[PDB]
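Protein chains in written order, with this note's numbering: chain A, 1 to 123; chain B, 1001 to 1123; chain C, 2001 to 2123; chain D, 3001 to 3462; chain E, 4001 to 4053; chain F, 5001 to 5052. Note that CB positions come from ideal geometry on N, CA and C, so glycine has one too. Encoded as structure tokens, the structure appears first; notes follow it.
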Ligand SMILES: *[C@@H]1O[C@H](CO)[C@@H](O[C@@H]2O[C@H](CO)[C@@H](O)[C@H](O)[C@H]2NC(C)=O)[C@H](O)[C@H]1NC(C)=O
Ligand SMILES: *[C@@H]1O[C@H](CO)[C@@H](O[C@@H]2O[C@H](CO)[C@@H](O)[C@H](O)[C@H]2NC(C)=O)[C@H](O)[C@H]1NC(C)=O
């Protein structure tokens, strides 16, 4: 199912993610707007892949990072997230702090890359 | 050569694969069909890269996996594959069991990712 | 800044590279040439990513390799590169030997991949 | 416990968004050279192999009146109709000092036709000859205010020019499907008690919509979908009488229209290499084209609609009356079938009342008591204004009949004051968006956002 | 003037049959048979990959 | 309009096709002198033409 994991818990929904990112081509051309859907879908996919790659996450959907989790973002227990809450509710509740997390991930990835380059080279 | 490895053995043909995947842009626009070739080529390339990436193979053409090889698929000796057989003949002989291999690779990659996430975290 | 690192030294300019590779969509369609900019930008981005990936560098902007640096290419000291020289001047001075470096990187990546495949398998 | 941020890709999270969908049709064969206006020329063949997967733990809000999908469908239909009228002939020299005579046809209750002779340009473009044709009275206007009963003119040539419809295209409303592009999804509400708004407890993700019939109608809905359990009433706001109230039936009502006249197709060389088709002569007697429905079933359907309406109006009686005046294109049920455009006076249908007493028609083995509506056939069509409205529909030889199913009604209330418990319902028409609004009310288009962030107890392996 | 209308050819265009080439798009290839005894069908023992015709 | 230093306009009457495309009526309009040219080289001060 394309959205078979929707409605389940976050832990249950964190499985078989590959079916969520296997969109293919469709339709026959009638005018320029038909091709605009294809090119904008390609641009969105490339944007998502580039955003995921600049954080040090390439080729893997699940990617654990080293940025600490601030308690002020959600301030809810672990049993309130992965046991009963759904992904849509969690996204609606956490969308207010996406930019800070993205900036922290970018800074952490750059810092880790620079530290790796410094430590590997000086030996 | 774009197809210089064609006609040789599988072992001989498993070299300089980079020349097989370096297609670039071409042509000047006359109508919408001229641009349709470009966008469909881009879509095919993205589809191939996404299919290769969901198996745990990103940025590498040769990618050894952990899925066991069933003897019923080919039931031929190793000397009958990498010594005299060509890639076209092998593809024509093995195209009947591509879906099973793809599904096994997807399941194995998901299982390995989940096991890695579980083992790294619990330490 | 999109080009905030321009004009500084190579060492100073080798920071916050992510802002240099975060181009997104823009414009509304008027004719086919408007869409041609989008598709050619996508093709150029895919070409750059493919060229970077065939050298063994996927998902990382900085990528140290094992190819030796020939002294005949620049024959200048390390203090003449990373201390005062800018990226534009360095590119204008080093553009005459890009093809040799690209070929060496491709050959080295293929050789390393084959050696890894041989050494991992025979154990 | 200490938590760390982790990014997940391929997450089923969606938000409302706007996008252009793709039209699709079944595997229809090309058959003859004649091809449909909106099939096998601007859409793609589809495959019903993917099914609607039901999400059993989601509560998604749905809206009907605030939806751009119907607007996009209307724009696409307008664009297709504009495109179809380009390659067909431009006519031009037809509107001249037509000389119309009573001819062999004599007085009668039928709408009748006028035999008009006029000068037409022959194959030589600097020479003229005499030709004649039969025209409908609504398509004929007196030339000047002066008293002259012999000189007439077409209704056109005071407005934008007219393009004759090609004879090699058909106006058959074949079903079509709407499919979302990549990265988008379509959610369908399977609940049968959907009143137009509010949450849906049974949602399903579907690849494409079902067959959508683009039938052109104003007062009634023909060849539409059927309700699951009972008649369902939809309206943006019952308090506002200016709005249009839709009633979706549960059981269809059979309707049979017919044109007993046996017309003859003529051919006149109007311009070089382009022909003009008109009615040459009528063979036999002159009769009235008419539509028939069954009186008992129509009365039962009206009573069902009345009891359904009485839920919102407990202390007010229901009354059905005629349309509130207007021009012929507004007050009459206008539709097209077989290639001919009919305008039927529906004043004899909506004549009744319901104050809360149920009446059942039992026995009546000889139930041939039917209700017949007279209709007027038009050739000049101005269905969509401001986009090349004028169109000439060529006539078709022989007598025709069209059997269809009424599946919905469109009504409008009227105001009142001082404890006026005699509110009445009248037929409604005009805007064409409402016709297709009742068919795509279940589908919502959403955009998938696969990037997500969650806390979990893990760290990068260094 | 008994059939469809006629359009005069422009005097500023020429009908010279200049040679043209056909090139496949990206992801496709063109195979040319170099055998001189090709009767229309059957296998080719001398095939060559070419960018354009 | 009479003589003056202004560029002035010419009042020209002509036959126009009415709503009937095989009938003509008389109409008139004011046109600028640069937009009006004599029809023919022959001497005629009453018959004129558009510059196009
Ligand atoms: C409609 O009018 C036209 C003439 O305006 C009729 O055509 C003429 O009919 C008479 C009677 O048969 C013939 O003698 C003439 O030769 C016809 N003239 C032409 C030019 O065809 C025509 O018959 C009338 N149609 C009807 C149904 O009365
Ligand atoms: C032209 O009219 C005749 C009769 O007036 C039609 O023949 C009838 O068609 C109906 C179709 O529903 C049948 O049920 C009847 O049995 C037919 N015969 C009679 C005597 O009514 C004929 O179909 C009409 N032309 C077209 C093209 O439909």
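Taking DSSP as the reference, what is the three-state secondary structure of residue 3222/D? Three-state DSSP puts residue 3222/D in a strand.
Which residues bound the beta strand (DSSP E) around residue 3412/D? Here the beta strand (DSSP E) through residue 3412/D covers 3400 to 3412.
Residue 3197/D and residue 3443/D: beta carbons closer than 8 angstroms? Cβ distance not < 8 angstroms, so residue 3197/D and residue 3443/D don't count as in contact.
For residue 3119/D, report the span of its alpha helix (DSSP H) as first-last. Here residue 3119/D belongs to no alpha helix (DSSP H); instead the beta strand (DSSP E) covers 3113 to 3121.
Quick check: does the Cβ of residue 3156/D come within less than 7 angstroms of any heavy atom belonging to ligand 1? At a threshold of 7 angstroms, residue 3156/D does not count as near ligand 1, since its beta carbon sits no closer than that to any of the ligand's heavy atoms.
Is there a Cβ from chain B that is less than 8 angstroms from the Cβ of residue 62/A? Yes, because at least one Cβ of chain B sits closer than 8 angstroms to the Cβ of residue 62/A.
Name, please, each residue of chain B whose Cβ falls closer than 9 angstroms to the Cβ of residue 4023/E. From the beta-carbon of residue 4023/E, the residues of chain B found nearer than 9 angstroms are 1026 and 1027.
If we cut at 8 angstroms on Cβ distances, does residue 1117/B have a partner in chain D? Chain D contact via Cβ: present.
Using a Cβ-Cβ cut-off of 8 angstroms, state whether residue 1059/B counts as contacting chain C. Residue 1059/B has a beta carbon lying within less than 8 angstroms of a beta carbon in chain C.
Which residues in chain A have a C-beta closer than 7 angstroms to the C-beta of residue 2964/D? List them in chain order. The structure shown does not extend to residue 2964/D, since chain D spans only 3001 to 3462, so no value can be given for it.
Looking at ligand 2, does it come within less than 7 angstroms of residue 4041/E, judged from the CB to the closest heavy atom? For ligand 2, not one heavy atom lies less than 7 angstroms from the Cβ of residue 4041/E.
Should residue 100/A be flagged as near chain D, meaning a C-beta pair shorter than 8 angstroms? It does not; no Cβ of chain D falls within 8 angstroms.
Going straight from the alpha carbon of residue 3423/D to that of residue 3417/D, what length do you get? Approximately 10 angstroms, taken between the alpha carbons.
Can a CB atom of chain B be found closer than 8 angstroms to the CB of residue 38/A? The beta carbon of residue 38/A falls within 8 angstroms of a beta carbon belonging to chain B, placing the residue at that interface.
Suppose the cutoff is 7 angstroms on Cβ atoms and the five residues either side in sequence are ignored; what does the same chain contact list for residue 1034/B look like? Setting aside the 5 residues that flank it on each side, residue 1034/B is surrounded in the same chain by 1027, each with a C-beta closer than 7 angstroms to its C-beta; the list follows chain order.
Are there 16 or more other CB atoms within 10 angstroms of the CB of residue 2073/C, so buried, or fewer, so exposed? Exposed, since its Cβ has fewer than 16 Cβ neighbours within 10 Å.
Is it a yes or a no for the segment 3279 to 3292 of chain D touching the segment 3428 to 3443 of chain D, going by three-plus beta-carbon pairs under 8 angstroms? With a cut-off of 8 angstroms on Cβ pairs, the segment 3279 to 3292 of chain D is not in contact with the segment 3428 to 3443 of chain D, counting fewer than three such pairs.
What does DSSP give as the partner residues of residue 3426/D in its beta bridges? The beta-bridge partner set that DSSP reports for residue 3426/D consists of 3412/D.
Only counting the same chain, and skipping five residues up and downstream in sequence, which positions put a Cβ closer than 6 angstroms to that of residue 3089/D? Answer for residue 3089/D: 3164 and 3274, listed in chain order.
Any heavy atom of ligand 2 within a distance shorter than 7 angstroms of the CB on residue 3395/D? Taking 7 angstroms as the cut-off, one finds no heavy atom of ligand 2 near enough to the beta carbon of residue 3395/D.
Would you verify that the beta carbon of residue 5035/F is, or is not, closer than 8 angstroms to some beta carbon of chain D? For residue 5035/F, no CB of chain D lies under 8 angstroms from its own CB, so it is not counted at the interface with that chain.
When the distance is taken between beta carbons, is residue 3175/D closer than 8 angstroms to residue 3212/D? Yes; because the gap between Cβ atoms is below 8 angstroms, this pair is in contact.
In three-state DSSP terms, what is residue 1118/B? Assigned with DSSP and collapsed to three states, residue 1118/B falls in helix.
Hey, does residue 5021/F have any beta-carbon neighbour from chain D nearer than 8 angstroms? For residue 5021/F, a Cβ of chain D is located within less than 8 angstroms of the residue's own Cβ.
Spatial distance of residue 3099/D from residue 5021/F (CA atoms): CA-to-CA, the gap between residue 3099/D and residue 5021/F works out to about 15 angstroms.
Please list, in chain order, the residues of the segment 11 to 22 of chain A that have any C-beta partner in chain B closer than 9 angstroms. Only those residues of the segment 11 to 22 of chain A whose C-beta falls short of 9 angstroms from the nearest C-beta of chain B are listed: 14, 15, 16, 17, 18, 21 and 22.
Would you be able to state if there are at least three C-beta pairs under 8 angstroms between the segment 108 to 120 of chain A and the segment 2058 to 2073 of chain C? The segment 2058 to 2073 of chain C, when compared against the segment 108 to 120 of chain A, does touch it at the 8 angstroms Cβ threshold.
Same chain, Cβ closer than 6 angstroms to residue 1109/B, neighbours up to 5 away in sequence not counted: When the five nearest sequence neighbours on each side are left out, the beta carbons in the same chain lying within less than 6 angstroms of the beta carbon of residue 1109/B are those of 1055 and 1056, in order along the chain.
Taking C-alpha atoms, which residue in 5033/F, 5032/F and 5049/F lies nearest to residue 5040/F? Each of 5033/F, 5032/F and 5049/F was checked against the Cα of residue 5040/F, and the nearest Cα belongs to 5049/F.
Pairs of beta-carbons, one from the segment 3242 to 3258 of chain D and one from the segment 3078 to 3098 of chain D, closer than 8 angstroms: are there three or more? Too few Cβ pairs lie closer than 8 angstroms, so no.
Residue-chain proximity (residue 4003/E, chain D), Cβ-Cβ < 8 angstroms: Interface flag for residue 4003/E against chain D is set, since a Cβ pair is found closer than 8 angstroms.
Does DSSP classify residue 3009/D as helix, strand or coil? Residue 3009/D carries a coil assignment under DSSP once its states are collapsed to helix, strand and coil.
Apart from the five residues on each side of it in sequence, which residues of its chain come closer than 7 angstroms, Cβ to Cβ, to residue 3070/D? Closer than 7 angstroms at the Cβ level, and outside the excluded window around residue 3070/D, lie 3433, 3436, 3437 and 3440.
CB contact check: residue 2035/C to chain A, cutoff 8 angstroms: True, the Cβ-Cβ gap to chain A drops below 8 angstroms.
Which first and last residues belong to the beta strand (DSSP E) in which residue 3134/D is found? 3128 to 3136 is the extent of the beta strand (DSSP E) around residue 3134/D.
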